[PDB]
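The lines below spell out each chain.
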Amino acid sequence: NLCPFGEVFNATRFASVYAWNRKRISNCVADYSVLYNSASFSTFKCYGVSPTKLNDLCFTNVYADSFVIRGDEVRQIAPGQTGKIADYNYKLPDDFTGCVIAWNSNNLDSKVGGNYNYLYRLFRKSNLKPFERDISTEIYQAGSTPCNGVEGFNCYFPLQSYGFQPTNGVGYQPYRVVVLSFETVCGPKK
Amino acid sequence: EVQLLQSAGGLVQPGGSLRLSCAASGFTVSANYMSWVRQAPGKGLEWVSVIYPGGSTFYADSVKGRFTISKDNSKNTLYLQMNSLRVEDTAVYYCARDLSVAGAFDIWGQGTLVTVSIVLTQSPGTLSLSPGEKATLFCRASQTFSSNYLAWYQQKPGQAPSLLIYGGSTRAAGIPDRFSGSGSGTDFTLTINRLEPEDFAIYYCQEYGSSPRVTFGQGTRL
Ligand SMILES: *[C@@H]1O[C@H](CO)[C@@H](O)[C@H](O)[C@H]1NC(C)=O
């Protein structure tokens, strides 16, 4: 039973950054040489665990997280950084025995008229603990005039939608990001 | 009615220190954003700082470490700590509330004067006209964006700027129908159907595409 990482990375569509999903890779063998030799990958900065011995090492379990974010904000997923995409939408701890993978995806995720399906949270009263998810969409308030649920002055919708269009693509091009974290999985099993 | 107040005027020798304050009524400082924009004499507006809810903060690389920004929920004010100065820091400081995409810098302060001891450009320049004729403005961007990150500002002499257009032709409440905007691709245009006697002012373009950075154009006068 080969691990389904090659079937989850090589997929059709993913969820937004604020509604990121997780998958539990069960007991299976996993060869990451296919991850290393893949030319389509763009950013593969792997923190913590040594890169080459990644297949050699064995851990209790591995978790796979993924989402879609702007190209210019792929840097902020790295540990020990702050911003509008890492402080609120998806926070990552100071040190984690895993690493992230990012590769460009424009044709499969952007349309000439623009895409409205992807959303990202803009307003929140406080930051998030590491590996914390929040889906609830409550009308965020300035705090002086209570909002009963009517949009207007001092009451805004917390969620906002990215706009992806064929453009310069330096930072506005949509980038797909997948996060692997290590906690019964061994690769070689010689 | 939301209104800001500032008390920072003074004269300081190089190497001195002076602090700034901004009282806010009608909106909590902790929840809403904050931003200090600096305008050198005879120069365009320049960005200094931004405060998101929580301890996150970012500065302008031009002035890093010499400026410290902090908030205070007790007095509903934010301070701009300033331990080190130089000769080129002489300017006027404006503090305003930010809303990112859903509006940009809706309400501004009154401006305080202090004295010591991607790029955007706007073409037309003077564009002098009598009240009868119609006026159109042009400012372009070196790198294209989805046009949802643009804003237009007007600044009457001796006062503080106010919002006119945000988010790609979406006007503000109370703004007359005279002002309108339309921009696509690299060239972005604002048109004014009729010129009232009071409409004579100075207009600026804005871009908030970058998350921590906002770049202000040189601006056009009328
Ligand atoms: C992913 O799908 C592409 C489709 O062309 C295929 O060539 C490739 O071998 C698959 N696996 C990886 C790791 O890219």
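Residues numbered from 1 in each chain as written, not as in the entry; some residues may be left out. Chains lettered and ligands numbered in written order. Heavy atoms only, no water.

### Focus on the overall build of chain B
Spelled out, the test is: Runs of E in the DSSP output that reach at least two residues are strands. Runs of H or I that reach at least four are helices, and both are numbered from the N terminus. C-alpha atoms define the radius of gyration, and 2.2 Å times the number of residues to the power 0.38 defines the globule rule. To sort residues, take the accessible area from a 1.4 Å probe on protein chains only and compare it with the maximum for the residue type: under 20% means buried, over 50% means exposed, and anything in between is partly exposed. Residue burial considers only the protein chains on display, and all accessible areas are found by Shrake-Rupley using a 1.4 Å probe.
Each helix and strand in chain B was counted, giving zero helices and 20 strands. Against the 2.2 N^0.38 benchmark of 17 Å for 222 residues, chain B shows a C-alpha radius of gyration of 18 Å, consistent with a compact globule. In terms of its C-alpha atoms, chain B occupies a principal-axis envelope of roughly 50 × 35 × 35 Å. Taken over 222 residues, chain B has a buried fraction of 46%. Counting only carbon and sulfur atoms, one obtains 52% of the accessible surface of chain B, whose full area is about 9900 Å².

### Topic: the state of the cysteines
Think of a disulfide as a covalent bridge from one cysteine sulfur atom to another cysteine sulfur atom. Residues and elements named next belong to chain A. This is how it is decided: Only a pair of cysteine sulfur atoms within 2.5 Å qualifies as a disulfide here.
One pass over the structure, following the stated rule, counts six disulfides over all chains. Two residues share a disulfide in this structure: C58 and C186, whose sulfurs sit 2.0 Å from each other. Taking the relative accessible area as the measure of exposure, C58 reaches 41% and is therefore partly exposed. Its relative accessible area of 17% is what places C186 among the buried residues. Disulfide partners in chain B, listed by the sequence order of the bonded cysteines, are 1-2, 3-4.

### Thoughts on the side chain of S16(A)
All names here are of chain A. So the rule is basically this: As used in this structure description, the phrase polar contact means that two N or O atoms lie within 3.5 Å; if the pair is within protein, one of them must be able to donate a hydrogen and the other to accept it, and residues adjacent in sequence are counted only when both atoms belong to side chains. Contact between two residues is taken to exist if any of their heavy atoms lie within 4.5 Å; hydrogens are not considered.
Within the fold, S16 resides in the loop between helix 1 (5–9) and strand 1 (21–25). What makes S16 buried here is its relative accessible area of 8%. A polar contact of 2.3 Å, which involves the side chain of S16, links it to the backbone oxygen of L119. For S16, the contacting residues outside a window of four places in its chain are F67, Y118 and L119.

### As for the sheet that holds strand 3 (residues 98–104) of chain A
All names here are of chain A. Quick note on the threshold: What makes two strands pair is DSSP finding at least two bridges between them. A fitted line through C-alpha atoms serves as each axis, taken over the contacting stretch for helices, and the angle formed by two N-to-C directions is quoted from 0 to 180°.
With respect to topology, four strands assemble into an open sheet ordered 1-2-8-3, the strand pairing being antiparallel. At either end of the open sheet lies a strand with only one pairing partner, and these are strand 1 and strand 3. When strand polarity is set aside, the average angle formed by the axes of neighbouring strands in this sheet is 20 degrees.

### Digging into the UniProt feature "disulfide bond" in chain A
Residues and elements named next belong to chain A. Counted only if it meets this: UniProt positions are given in the numbering used here, feature names are shortened, and annotations may be inferred rather than shown by experiment.
The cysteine pair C46 and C99, annotated by UniProt as disulfide-bonded, shows a sulfur separation of 2.0 Å, below the 2.5 Å cut-off, so the bond is present here. Pair noted here: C46 is in the loop between helix 2 (33–37) and strand 2 (62–70) and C99 is in strand 3, with a separation of 53 residues, a long-range link. Sulfur atoms of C58 and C186, annotated by UniProt as disulfide partners, sit 2.0 Å apart, under the 2.5 Å cut-off for a formed bond.

### Focus on the interface of chain A and chain B
The test is simple: When two components associate, each loses some accessible surface as probed by a 1.4 Å sphere; the sum of these losses over both components is called the buried area. Basic side-chain nitrogens of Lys or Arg form a salt bridge, by our definition, when they fall within 4 Å of a carboxyl oxygen of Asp or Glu. Three classes are used, and their members are as follows: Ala, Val, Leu, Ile, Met, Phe, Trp, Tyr, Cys and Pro are nonpolar, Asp, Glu, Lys and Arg are charged, and the others, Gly among them, are polar.
Tallying the contact residues gives 26 residues for chain A and 25 residues for chain B. Buried area between chain A and chain B, summed over both chains or domains, comes out near 2100 Å², and the portion from carbon and sulfur atoms is 47%. Its largest share of buried area at the contact with chain B, chain A owes to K84(A), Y156(A) and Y172(A), together 24% of the area lost on that side. In this assembly, chain A and chain B are joined by zero salt bridges. Across the chain A-chain B interface, the total number found is eight residue pairs in polar contact. The residue makeup of the side of chain A that touches chain B, split by class, is nine nonpolar, eleven polar and six charged.

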